[PDB]
């Protein structure tokens, strides 16, 4: 059978001398497909291990006293913290670029762009530009709906006008997602039940300007749902993007499963969704139509990034497998025509994203 996606194993971190005890959410970071950082204690000495994905054979270990390390998405620039102490280093320059002392512990942080670090404290969210003498600026106060959640993600639209904070907690013996969507222009927060989310830019045919889309997936008691919604006033002259809501299927033996990660391909206009217990889903961004579901593994993929090369998703599982999934550009249109029997979707996707196979419907 032809599959509309392709899997690829890039690395086993245990073949690089990474101890499996350090392959987890709190100790391994992958902020982009260019680097993986792992904090390890070897003897008495805390180290950071930096894997250059363009040179994976030669990890470099450096001593640290940081509780958290996140590499810049594009440059060998690393953000380190220990409690309230934040430091930015250019590794190649062996130089401290910037430092700041917070008045609150940072419980979650990540790079939201090439030049900005987002910081989450117990009660607020900050952006920290690496430009000039910029210090962290508060973006919004955390909503009470996320109080006592484990913060697992933070994302923004391209223009940093829509901000989304995601926490989870145990309620009624399931993992319940609490999201806060903040409008920077309107200064309004919306609490939303959700597990995974991304923003995307999408130009509707007949529109001169891109639409800003907010895509989120949730397992409620209502069952699995994926939502694709335009945020903000449509650009002048644009038609509005019509809201989509579709089902997210969980089989009977995965009654405890829930979405953990989402990446949107702007090349293919598809949504990749990964569940906690190793299901992969592919949805059309325009309509929400489910294209494909299958099981990767039992294994939790606990961190993901965009895979630039393939317009796909790359992740690491608890075994230390670095795995990517992308659209199979040669099979997806035949797969949608023949296996899904959806010649409409097939033909739309074939001309929208310039793919082969809708000559033969």
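Residue numbers count along the first chain shown, from 1. Here the rigid core means the biggest group of C-alpha atoms that line up within 1.5 Å when the two forms are laid on top of each other.
The rigid core fit leaves 293-301 as the farther-lying stretch in 8 other deposited structures of this protein, judged by Cα positions and set against 293-301 and 33-41.
Here 168-176 and 209-217 are scored by the root mean square distance of their C-alpha atoms in 8 other deposited structures of this protein, with each structure fitted by the rigid core; the higher score goes to 168-176. Note on 187-195 vs 72-80: mean CA B-factor is higher in 187-195. Taking only CA atoms, the mean B-factor in the PDB entry is higher for 169-177 than for the other of 146-154 and 169-177. Of the candidates 317, 29, 57, 32, it is 57 whose Cα B-factor is highest according to the PDB record. Residue 221 sits in the highest third of its chain by CA B factor, as recorded in the PDB entry. Residue 267: CA B factor in the highest third of modelled residues in this chain (values from the PDB entry). Placement of the Cα temperature factor of residue 104 within the chain: middle third of the modelled residues, per the deposited record. The entry lists a Cα temperature factor for residue 209 that places it in the highest third of the chain's modelled residues. Ranked against the other modelled residues of its chain, the C-alpha B-factor of residue 280 as given in the entry falls in the middle third.
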